[PDB]
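Quick mapping for you: the protein sequence lines, in order, are chains A, B, C, D, E, F, G, H, I and J.
Residue numbers for the first sequence, in PDB author numbering: 59 to 78, 88 to 459.
Counting from 442, one number per residue, gives the positions in the second sequence under PDB author numbering.
Residue numbers for the third sequence, in PDB author numbering: 1225 to 1277, 1287 to 1338, 1433 to 1616.
Residue numbers for the fourth sequence, in PDB author numbering: 24 to 42, 51 to 67, 78 to 90, 105 to 125, 130 to 156.
Counting from 517, one number per residue, gives the positions in the fifth sequence under PDB author numbering.
Counting from 833, one number per residue, gives the positions in the sixth sequence under PDB author numbering.
Counting from 2, one number per residue, gives the positions in the seventh sequence under PDB author numbering.
Counting from 918, one number per residue, gives the positions in the eighth sequence under PDB author numbering.
Counting from 13, one number per residue, gives the positions in the ninth sequence under PDB author numbering.
Counting from 1, one number per residue, gives the positions in the tenth sequence under PDB author numbering.
We put the CB at the ideal spot given by N, CA and C, even for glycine.
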Amino acid sequence: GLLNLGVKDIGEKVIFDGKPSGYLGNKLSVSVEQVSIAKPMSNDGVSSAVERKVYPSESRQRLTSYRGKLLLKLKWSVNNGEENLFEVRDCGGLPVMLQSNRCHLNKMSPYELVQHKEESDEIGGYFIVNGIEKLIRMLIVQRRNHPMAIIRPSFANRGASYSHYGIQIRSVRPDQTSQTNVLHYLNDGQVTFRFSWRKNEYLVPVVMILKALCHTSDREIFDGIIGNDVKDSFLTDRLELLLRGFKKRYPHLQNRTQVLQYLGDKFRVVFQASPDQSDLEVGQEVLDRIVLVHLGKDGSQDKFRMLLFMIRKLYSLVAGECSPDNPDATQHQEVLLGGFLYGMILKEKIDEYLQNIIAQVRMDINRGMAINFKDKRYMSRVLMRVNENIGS
Amino acid sequence: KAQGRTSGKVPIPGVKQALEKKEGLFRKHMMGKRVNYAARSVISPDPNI
Amino acid sequence: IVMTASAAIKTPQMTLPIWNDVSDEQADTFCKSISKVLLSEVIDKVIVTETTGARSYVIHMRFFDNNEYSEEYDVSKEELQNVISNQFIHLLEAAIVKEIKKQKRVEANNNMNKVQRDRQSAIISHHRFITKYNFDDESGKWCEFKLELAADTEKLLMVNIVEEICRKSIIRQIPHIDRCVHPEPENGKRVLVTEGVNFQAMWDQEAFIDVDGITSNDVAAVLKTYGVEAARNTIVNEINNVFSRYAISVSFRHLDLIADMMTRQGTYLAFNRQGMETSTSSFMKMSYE
Amino acid sequence: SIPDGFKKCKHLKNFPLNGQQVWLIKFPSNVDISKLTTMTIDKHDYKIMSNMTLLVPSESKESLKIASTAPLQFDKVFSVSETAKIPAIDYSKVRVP
Amino acid sequence: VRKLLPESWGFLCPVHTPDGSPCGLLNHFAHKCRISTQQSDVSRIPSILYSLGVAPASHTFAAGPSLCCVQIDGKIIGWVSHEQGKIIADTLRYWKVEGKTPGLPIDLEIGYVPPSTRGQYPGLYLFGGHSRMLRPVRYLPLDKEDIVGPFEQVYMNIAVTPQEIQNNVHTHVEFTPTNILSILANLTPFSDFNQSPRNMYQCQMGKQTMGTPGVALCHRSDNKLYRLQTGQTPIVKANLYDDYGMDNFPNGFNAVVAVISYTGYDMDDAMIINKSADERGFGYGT
Amino acid sequence: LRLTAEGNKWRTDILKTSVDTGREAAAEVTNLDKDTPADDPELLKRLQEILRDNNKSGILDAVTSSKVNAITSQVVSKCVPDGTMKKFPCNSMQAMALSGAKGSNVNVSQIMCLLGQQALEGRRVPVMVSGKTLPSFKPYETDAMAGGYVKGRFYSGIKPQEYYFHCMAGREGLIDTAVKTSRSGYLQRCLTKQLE
Amino acid sequence: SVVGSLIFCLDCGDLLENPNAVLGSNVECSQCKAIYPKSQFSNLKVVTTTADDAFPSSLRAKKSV
Amino acid sequence: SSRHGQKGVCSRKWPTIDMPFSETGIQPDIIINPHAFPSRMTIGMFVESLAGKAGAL
Amino acid sequence: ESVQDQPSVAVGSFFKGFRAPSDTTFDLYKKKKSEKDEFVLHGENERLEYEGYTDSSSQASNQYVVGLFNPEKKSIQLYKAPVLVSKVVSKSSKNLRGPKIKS
Amino acid sequence: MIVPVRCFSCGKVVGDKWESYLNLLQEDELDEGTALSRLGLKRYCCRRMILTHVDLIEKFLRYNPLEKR
RNA sequence: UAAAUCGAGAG
DNA sequence: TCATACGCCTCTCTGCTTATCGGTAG
DNA sequence: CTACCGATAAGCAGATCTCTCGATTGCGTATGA
Ligand SMILES: [Zn+2]
Ligand SMILES: [Zn+2]
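Structure representation (structure tokens):
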């Protein structure tokens, strides 16, 4: 499922406590490996026993929402598998939608639908919240996994890059979450990578990432961006400008390991990392998290090849060798389904929940508590001190 | 002119903001006012008036 | 026109009435003489050759055929050579040295005449780092000039700057004039229209153009060069001809009142807060915005 | 650095190169190499018509060396491309009035 | 942004849009436009491509628009000539339409951009991911149904009716011309006889009619409901009126209309309704 | 709204002459010699450059629009007044158009004889990046039918491509109608505030 | 190794520094530190021409078409 | 409204006697002015009226 | 006329016109798989490390065959050789690194 | 919903003919026109009332709040 | 009885 | 153990206005 | 020589008809229970 893929690709968030333990005491590695939503049920007070079955007719009549329980099991990992503490934590009632697999009318025939007071030909596709019907509207977004030659005055206007050219690609992770990369252009003969990890934007020289993705030589970059086009003086001049600019600005980075280290300690605070991840490790982390996500991790060679293709496309665009791709043409468009948006929001809420429990642990660290990460009592105490109403 | 906002919800309008824009006091309460003794409805034709 | 008092309107033109005794010939020639021609309008292409055998730059300025360009644009090879040697290199060296400052942060040239050699030496002395110069003094088809540069600087484009310099170089142009087309007369009015406003230039050409009936689309220039009343007249005419083109009739009392209110201080005012503050009553402006 | 299971090949067959044209045939995996343009092989039709570096066994026949004369590049390159049948439509039954 | 582009042929309804401020922005999908919601099996496609003449991308030494860069959902698979890429595109479409190759799903979009002069960047593009836009058309060879998308459609000739198929021009044909229209636009009777600003007005207005919302109104607590007491099925209606089972929710009534200037109480848009008909329950609702 | 048999004969005979109008207009625009085939490689290349540029496309669209407007003017002049089954004053459509009660001669012509050429903003219908105006049409199609010039009428109905083109034109009309009302308001407000 | 103004290392494949900015008579690769004498490559000649869409002129339309 | 975007508020409840009866005795339950058609060119309504009459017959 | 499925030769891909001294030599590997085996080519020199791999995403779909051809006879000696994508690292630069964490 | 008692245009009682029309359609193989003619509906104003009726009342009656489902 | 934001509409 | 008060928690136009690089007289 | 005076280059601030419905309203935290 998309939810399972999302929690798998979230990764583990790590915190430390001060208890002299090379870095800081013991290590905590909180993660989620299974998110399960159940069909709505009613406790009928405190009777419990076999839980009752709630129906959309009941939800509409009660003027409340039609939601099912959301279950997450936390991988409370101490010292990298020294002591694991699994625990299934409910996260409130997640509003489920009608006629879906997590609804009680999933395969009901029209006769049964009439029997259960729904409709002769009831169709789902909507949520019931506070007794009021609601719908997640489908939205048109850029086509995934396609680099489009885009010409826009808003690039040069108020852009850190000085040109109106570029090659924008909106890559999507297998868990249906998007990360766009803009291959800007500079009038002096170089290309700057652009992305937005948080709400702010960042810019990085393209050849930086080109060398950081895989161990490469400058001749490999020349071959990839120029295939048998040696006589193309325009392409050769632009490539020479780019390589000379890289060598002039960063003469220390003669190797992939040290360029990755530079990337890692440049992106350390924003890409929240415990004082355990090395510069090389956090550089590989930001690389796998930002550039060309649709190829996923362990796809560095494919990312390198596609970056070379993107650079060649940008140079062909600025050379007038290809027309710009119209953003608003339906040929270059897709539609955000509406349930994929639900999955993205669920993944982000899970991320915020994990960060919240780690913030609670850090607050305990700042104050003075017993702070024993191996204690089930302390783990349940810190789990009950953090808001868990993801369904709300 | 207020300084200091991390997340917030809505920045409370000052006395200046109560008199400035199209929704301000001037253009909404003296250049045009809601009126007593006035009606409104749909029009239907009548060639006999 | 009315709500912004644009002194920099998108499309400024004048109306030049030709004399009744001037035919289409000597009129199209006058249009070609008055129209603006750029250096890029005549260059076929440029072949930049870079060599480090120190950083030389040989530029071969291919030109359009003389028998056609001297007839289309009425520009001679002598004028071409003059404008090149006077402005093209002067702008090119400036752009090149600016680029260097920012960074740090056909074959008969050997068979040459004495006059050509003297011209080349003179231009070399005049300019900064030019090592050679020649012109097609018999055909006006090419102009080569070496541009040897210091070897300590990095690689330069030398093509996208030559493009900009050629496009921004002026072969023969009168200020604030771009083109002068000859449209079909509306009703017995021999009319010459341009693509810019500069009255003093056409004041000298009394022989072809009747300087008395020079009416311009722009209002600010008319106010500046003719007075407030001419500005009011042209305001009324411009605000009327848009309505007339849309087959809508507005009585001239309304337009006359609008123009008189717009020029009530002797200046090209407008209907906005920047032309509003001159008013006795403050509440009106405060209610405005 | 030997990966798991990647044993070094003990011996290699001799590869003659002197005595002459060197070609590459990019046979698809489906084509049977043992049994051997409108060429017909197996039961399917195919289309047949410095990029890489070539290695050659040395005298010790336990290593790889770059072949050269007195370098050497392949004289011709061929790529066997699998083809299908695209039949013309029957316009009589397609253009229904 | 609001211009009705021709690239939305069969995907976005040309008629269905709300006149006014959201015009052109809040468009609607064609009734036969399927949105893919699962990732098609693209495991075997690279294996098939290499057999078809595609050089592997790992060892190719090729770049630029002079070569046909074959991609699969954003992954550079290989490089091939332009004519060869066109041949592979046609062969892949044939194998996809015919039900013999196991690796090629029918939902796969084969978007091929032939080389041109200052056109779009060429290359063979293959897509199989989620969120795609798909439309069914009849592949002229084998007479079987084919699935196309916006990216692949703008470069392929698709006749609108079988009578206009041209020799060596059209390789696809719409099953019916009426599947490029949305619902509420197919249901407009004789929609090809009106001015378009009236078809779109009817599309916007068919949602505001006081029809029947549902039959389970005794088990609902909706804030406001508009119910037509006695609706009738149209005498004149599209074939899709009963295909979508719309008679379960009648929207109006059949009225004996008279195009006549008699009363004098209706010039601009007004209408005159029989008093006695009204007193007989004509148009009643709650 | 009907025509006579002879009126329909005139209309179809005149419309038969519009087959080559688009090809001739394109050939004239591209400076090619007349009588050239519509599939000439040089003509295709020149139309390719015209499509790539934005001013050559405008010139070609203006020329073809003028030609098809001449054709539709011929059709309307020959058919509308003296080709109708019912004549004025018996023809209520014609009486309403002539007396100014409602509608106009352009409306009557669109209903009865010809719907003319669809102009979006002083220009023909948009073109894809492949030279195709629609999936139904060839790339670089030198045909007035595949240019927005619809030969149908609201009495006999319009074909699917003509329906699409007319929908385009109606959408542009409604967008402009929405925009203009908001456009004029600020101008009027500033004028009246200063001149009150 | 040499294609245009660029000089590549035949061993590793790194851009050699411009010979006009080194000590003289030889330049070495920054990765393999291999000896590359200044001879065997002295004409770093590039030939470039402006695009056809660079100088829009009235005669440009008339010379063709 | 009809199915061709012909809006309009009901103006008056015209009594059946004052309604123009036909030869067969049918008095229409809705009167629409003929002047609405020339400007909007909704010939689909004209086709639909006679098609529905034939269907009902 | 005679095919050689057994490992005899293999073709690499470093870059355009990769040249090494004749004294340079490489070593071949072979995994213990059944069909379409992965190949790893290793080598070293005084100050350079040469290595290569074969992409499994494409090596199991197509075959590469080397052969000879007599000018006057059609006798062709078939030889199967895998294709290896390779990279070159300097030995001194291979171990080049930096500090783990910058405080 | 349920069949209207009187025809809207004229006033002829058609509320006693829906069941007869359904029986004539079901038992005998009569077309809608022949069935309407046999029922005595000559004018198309009366014919449409029974020809185009929907009878949503049967669908409405399946939701009974006073009987166990 | 309020006030703001968003959404859906009419002319 | 655990609830309510305190503390905050990204693609349009016109000017005007300030700062900074050139020039003239004294 | 050097201060008063201009002539851009950049940034800054202010703009871009009425009427009817419906829905909604924050985390975060920290101590007395
Ligand atoms: Zn090296
Ligand atoms: Zn009746």
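Tell me, please, which residues DSSP counts as bridged to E625 of chain E.
Taking the fifth sequence and counting its residues from 1, the one referred to as residue 625 of chain E is at position 109. Paired residues: E:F643.
Run through the DSSP bridge pairs and tell me what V297 of chain A is partnered with.
Sequence index remark: in the first sequence, residue 297 of chain A carries index 230 (1-based). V297 of chain A is not bridged to any residue.
Give me the pocket residues for ligand 2, defined as CB within less than 6 angstroms of any heavy atom, sorted by chain position.
The set of residues whose C-beta lies within less than 6 angstroms of a heavy atom of ligand 2 reads, in chain order, J:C7, J:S9, J:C10, J:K12, J:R43, J:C45 and J:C46.
Using a threshold of 8 angstroms, state whether the C-beta atoms of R1506 of chain C and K1260 of chain C are closer than that.
Stepping through the third sequence from its first residue, residue 1506 of chain C is reached at position 179. Stepping through the third sequence from its first residue, residue 1260 of chain C is reached at position 36. Yes.
Run through the segment 549 to 634 of chain E for me and flag every whole beta strand (DSSP E) of 3 or more residues, listed as ranges in chain order.
Runs of the beta strand (DSSP E) inside the segment 549 to 634 of chain E: 584 to 588, 591 to 596 and 625 to 629.
Could you check what DSSP says for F137 of chain D in three-state terms: helix, strand or coil?
Walking along the fourth sequence from the start, residue 137 of chain D turns up at place 78. Here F137 of chain D sits in strand by DSSP.
From B:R468, B:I453 and B:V476, pick the residue whose C-alpha is nearest to that of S1614 of chain C; which is it?
Taking the first residue of the third sequence as position 1, residue 1614 of chain C is located at position 287. For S1614 of chain C, the nearest C-alpha among the options comes from B:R468.
When you compare only the Cα positions, how much space is there between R311 of chain A and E348 of chain A?
Working through the first sequence from its first residue, we reach residue 311 of chain A at position 244. Working through the first sequence from its first residue, we reach residue 348 of chain A at position 281. About 28 angstroms.
Can you find a heavy atom of ligand 4 that lies under 7 angstroms from the Cβ of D12 of chain G?
Ligands in the displayed structure: ligand 1 and ligand 2; ligand 4 is not one of them.
8 angstroms is my cut-off, CB to CB: does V1011 of chain F come that close to chain A?
Position 179 of the sixth sequence, counting from 1, holds the residue named residue 1011 of chain F. Look at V1011 of chain F: its C-beta is not under 8 angstroms from any C-beta on chain A.
Is the beta carbon of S20 of chain I sitting closer than 8 angstroms to the one on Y65 of chain I?
For the purposes of this step, residue 20 of chain I is taken as residue 8 along the ninth sequence, with counting starting at 1. For the purposes of this step, residue 65 of chain I is taken as residue 53 along the ninth sequence, with counting starting at 1. No, the Cβ-Cβ distance between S20 of chain I and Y65 of chain I is not below 8 angstroms.
Report the residue from E:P638, E:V586, E:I788 and E:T694 whose alpha carbon sits nearest the alpha carbon of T779 of chain E.
Here the question's residue 779 of chain E lines up with position 263 in the fifth sequence. Ranking E:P638, E:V586, E:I788 and E:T694 by Cα distance to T779 of chain E puts E:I788 first.
Is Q32 of chain G near ligand 1, in the sense that its beta carbon is under 7 angstroms from a heavy atom of that ligand?
Locating residue 32 of chain G in the seventh sequence gives position 31, where the first residue counts as 1. Because some heavy atom of ligand 1 lies under 7 angstroms away, the Cβ of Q32 of chain G counts as near it: yes.
By the criterion of Cβ-Cβ separation under 7 angstroms, what are the contact partners of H952 of chain H in chain F?
If you number the eighth sequence from 1, residue 952 of chain H lands on position 35. Those within 7 angstroms of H952 of chain H in chain F are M928, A933 and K934.
Contact test: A223 of chain A Cβ vs ligand 1 heavy atom, cutoff 7 angstroms
As a position in the first sequence, residue 223 of chain A is number 156, starting the count at 1. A223 of chain A: no, Cβ never under 7 angstroms from ligand 1.
Can you give the beta carbon distance from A396 of chain A to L521 of chain E, rounded, assuming they're within the 8 angstroms contact cut?
Here residue 396 of chain A is taken as the residue at index 329 of the first sequence, counted from 1. Here residue 521 of chain E is taken as the residue at index 5 of the fifth sequence, counted from 1. About 6 angstroms separates the beta carbons of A396 of chain A and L521 of chain E, which is inside the 8 angstroms limit, making them a contact pair.
For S1309 of chain C and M672 of chain E, the rounded distance between their alpha carbons
Locating residue 672 of chain E in the fifth sequence gives position 156, counting from the first residue. Locating residue 1309 of chain C in the third sequence gives position 76, counting from the first residue. Near 52 angstroms, if we compare the C-alpha coordinates of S1309 of chain C and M672 of chain E.
Cβ of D285 of chain A versus every heavy atom of ligand 1: is any distance shorter than 7 angstroms?
On the first sequence, residue 285 of chain A is found 218 positions in, with the first residue counted as 1. Every heavy atom of ligand 1 is 7 angstroms or more from the Cβ of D285 of chain A, so no.
Residues, ordered as in the chain, of the segment 534 to 568 of chain E that lie near chain I by beta-carbon distance below 9 angstroms
Identification of residues in the segment 534 to 568 of chain E having a C-beta nearer than 9 angstroms to some C-beta of chain I yields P562, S563, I564, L565, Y566 and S567, given in sequence order.
Mind checking the segment 611 to 631 of chain E against chain A and listing, in chain order, the residues whose C-beta falls within less than 7 angstroms of any C-beta there?
Against chain A - using a Cβ distance shorter than 7 angstroms - the segment 611 to 631 of chain E contributes no residues.
Using a Cβ-Cβ cut-off of less than 8 angstroms, list which residues of the segment 998 to 1027 of chain F approach chain E; keep chain order.
Taking 8 angstroms as the upper bound on Cβ-Cβ separation, chain E lies near residues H998, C999, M1000, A1001, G1002, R1003, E1004, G1005, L1006, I1007 and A1010 of the segment 998 to 1027 of chain F.
When the Cα atoms are used, what is the spatial distance from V1330 of chain C to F1297 of chain C?
Residue 1330 of chain C sits at position 97 when you count from the first residue of the third sequence. Residue 1297 of chain C sits at position 64 when you count from the first residue of the third sequence. Straight-line Cα distance between these residues: approximately 30 angstroms.
Residue environment, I592 of chain E, which counts as buried when at least 16 other CB atoms sit within 10 Å
Mapped onto the fifth sequence, residue 592 of chain E falls at position 76. So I592 of chain E ends up on the buried side.
When the Cα of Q101 of chain A is compared with those of A:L137, A:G233 and A:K443, which residue comes out closest?
Locating residue 101 of chain A in the first sequence gives position 34, counting from the first residue. Comparing Cα positions, the closest option is A:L137.
Chain A contacts from the segment 34 to 63 of chain G (Cβ-Cβ distance under 7 angstroms)
With the criterion set as a beta carbon lying under 7 angstroms from some beta carbon of chain A, the members of the segment 34 to 63 of chain G are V47, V48, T49, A52 and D54, in sequence order.
8 angstroms Cβ cutoff, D296 of chain A in contact with chain E
Here the question's residue 296 of chain A lines up with position 229 in the first sequence. Yes, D296 of chain A counts as interfacial toward chain E.
Contacting residues, own chain, Cβ-Cβ under 8 angstroms from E401 of chain A (five flanking each side not counted):
Indexing the first sequence from 1 puts residue 401 of chain A at position 334. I207, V208, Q209, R210 and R211.
Going by alpha carbons, who is nearest to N173 of chain A out of A:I190, A:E200, A:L161 and A:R323?
For this step, residue 173 of chain A is matched to residue 106 along the first sequence. The residue with the shortest Cα to Cα distance from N173 of chain A is A:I190.
Report the rounded CA-to-CA distance for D12 of chain G versus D285 of chain A, giving the unit in angstroms.
Reading the seventh sequence from its first residue, position 11 is the one you call residue 12 of chain G. Reading the first sequence from its first residue, position 218 is the one you call residue 285 of chain A. Cα to Cα, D12 of chain G sits roughly 12 angstroms from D285 of chain A.
The segment 651 to 664 of chain E / the segment 940 to 953 of chain F touching (three or more Cβ pairs under 8 angstroms)
Counting C-beta pairs closer than 8 angstroms gives fewer than three between the segment 651 to 664 of chain E and the segment 940 to 953 of chain F, which falls short of the contact rule.
Thinking C-beta only, is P630 of chain E closer than 8 angstroms to residue 841 of chain E?
Nothing in the structure corresponds to residue 841 of chain E, since chain E is present only between 517 and 802.
Let me check understanding here. Comparing Cα to Cα, which of I:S87, I:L40, I:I113 and I:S102 lies closest to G28 of chain D?
One-based indexing of the fourth sequence puts residue 28 of chain D at position 5. Of I:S87, I:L40, I:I113 and I:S102, the smallest CA-CA separation from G28 of chain D is found for I:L40.
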